[PDB]
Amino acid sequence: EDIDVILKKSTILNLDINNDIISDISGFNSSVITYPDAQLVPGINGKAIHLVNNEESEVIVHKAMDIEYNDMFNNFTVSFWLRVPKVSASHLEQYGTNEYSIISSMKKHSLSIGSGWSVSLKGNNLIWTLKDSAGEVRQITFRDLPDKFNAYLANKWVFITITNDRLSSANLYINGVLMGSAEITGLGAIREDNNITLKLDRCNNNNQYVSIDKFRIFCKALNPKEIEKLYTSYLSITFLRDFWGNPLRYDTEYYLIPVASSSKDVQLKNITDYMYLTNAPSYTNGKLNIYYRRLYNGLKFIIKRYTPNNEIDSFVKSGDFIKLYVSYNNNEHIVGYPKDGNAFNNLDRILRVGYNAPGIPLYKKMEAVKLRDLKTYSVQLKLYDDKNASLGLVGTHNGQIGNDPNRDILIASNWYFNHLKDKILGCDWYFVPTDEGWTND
């Protein structure tokens, strides 16, 4: 069959946000109740749900009769995009042994004691737990990667999927890749609450928050192929993304980091001069087992709309023509390539910032595109001259200018169009904005 048909046909619950309202679009009409303090924020493909730590911040799903008892004995899969802020080193020391649910089908203020399932967080652990009638429990404890730049519970949108085969195991997938599992034989009936609660439950950190989107339940244990297509079905390729996975926007500051050399920052030699790579400083914590390259150092860039022509959108679409500026000291300096400007061997054109030589054409029309690496939150940039001929993709070239030190210098080159299939490529960029979910320790 199709992966599309069985994904759709096994869907039993599907939360979608339309017209700023949250409802189940599965076909089963489970009623959804949004409390006053459940917030809506930018998501993966539309808006997403945002929960803070108070009793008014919650979204409840009252299961339709027809799907009431679907996970009592049968196989099921839960899927959703998740965004959790990077945990501070102090919060790992304070609340690191504090386990709190964020999504659950279990009861608590009656006397039941939670037969059912739950998605919970505990420091830098993602935990799936299933509990049956007898109080027997099975758990998957996923321990996140220690390098926070590449971790899954460190402020980027990530796609979670947990399948449960009652005859074998429960499997936890992150961005389509199997990352944890537990044998679930020995469990009896799951006799859970009639409501599925999205809420922070028993979290001691008053400032904790999480974002969730596309919460979906399937009536089967999905296989790896189905999971992969499902994951990729949300990655709409028209709207560019920032480093966190949210929509890239015009008129906002972004730090640039080259995807192929993620430990480097971008730096300016000078006004009217060139840009080059530098090593980012990093944070390490042996005791808590966490480390990362620090963010927010090095140049800030702004993307401006190159023309209006009708509808003005605040999001940048692939193919949009733009003007790129370096945002320095409250001033903004255009990035471009002067007519016969310095280049490496008549072909890697050296980019210049705020160049203004009298009488010399300065080419600065760029096109923001998504030409490769779909799952990665990165962007490519193409420069044009005034005959609308391609001057190349923005990348870096190793070399020296005058008597300066050898450096990886920012350039525009048509040479990258011959290598778009490579696994790793020098013309891919991450656009990083400052965010409350990531503060350096």
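We number the residues from 1 along the sequence you see.
Of the two segments examined, 175-183 and 339-347, it is 339-347 that shows the higher average Cα temperature factor in the deposited entry.
Mean CA temperature factor is higher for 305-313 when stretches 305-313 and 226-234 are set side by side in the entry. For the set 77, 112, 150, 155, the PDB entry puts the maximum C-alpha B factor at 112.
Out of 72, 103, 127, 326, it is 72 whose C-alpha atom has the highest B-factor in the PDB entry.
Residue-level temperature factors show residue 247 in the lowest third of its chain, judged at the C-alpha atom. Among all modelled residues in this chain, the alpha-carbon of residue 441 has a temperature factor (C-alpha) in the middle third.
In this PDB entry, the Cα temperature factor of residue 20 sits in the middle third of its chain's modelled residues. Ranked within its chain, residue 26 lands in the highest third, by CA B factor from the PDB record. Among the modelled residues of the chain, residue 380 sits in the lowest third by CA temperature factor in this PDB entry.
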